[PDB]
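A single chain, nothing else alongside it, follows as structure tokens in the form deposited in one PDB entry.
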């Protein structure tokens, strides 16, 4: 029963927790509650082998900058997340998350995850973004960012529709074995 420690990081509100809850319970959270720290598990079959997947949820709020890293020791794989409809969270992948993860775990595999895929083509969100002088992050951008931080994989998904969701965790597992 091979165990794997997967830590999920990224700006606050990018959808990290919904990512974990939707994946482990196939249910989507009904109330947004900022995370301090949490843990979820899941036994999964990957390439014909049972794996005990430990999912470590972290705080996106910057008030936890010194405390957050306390969950990093012995991490097998990191999921750096950013919202596909939040250029700010995308920029922080390079300005904050990548450097923070590499500082504490220089050799640990990283998987870049673009979240809220369902909203990229959503009309309401776009108008809202246009009013904010913004626009969604495109796949080519995501892929390019992944190359820049040396991510083993770039993956987009939606916790809401679950499209691309399971793939994220299968790859996270395969990045370790």
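Numbering follows the first chain given and starts at 1. We call the rigid core the largest set of C-alpha positions that still match within 1.5 Å between the two forms.
A second form of this protein, the form deposited in another entry, is not displayed here; the remarks below concern that form.
Check: With the two forms aligned on the rigid core, which of the residues 152, 143, 149, 46 moves its CA by 2 Å or more between this form and the one not shown?
Finding: None of the others reach 2 Å, which leaves 46.
Note to self: Does residue 121 move appreciably between this form and the one not shown, meaning a CA displacement of 2 Å or more on the superposed rigid core?
What the structure shows: Shift at residue 121: below 2 Å after core fit.
Check: Is the C-alpha displacement of residue 65 equal to or greater than 2 Å between this form and the one not shown once the rigid core has been superposed?
Finding: No; residue 65 is a residue whose C-alpha shifts by less than 2 Å between this form and the one not shown when the cores are overlaid.
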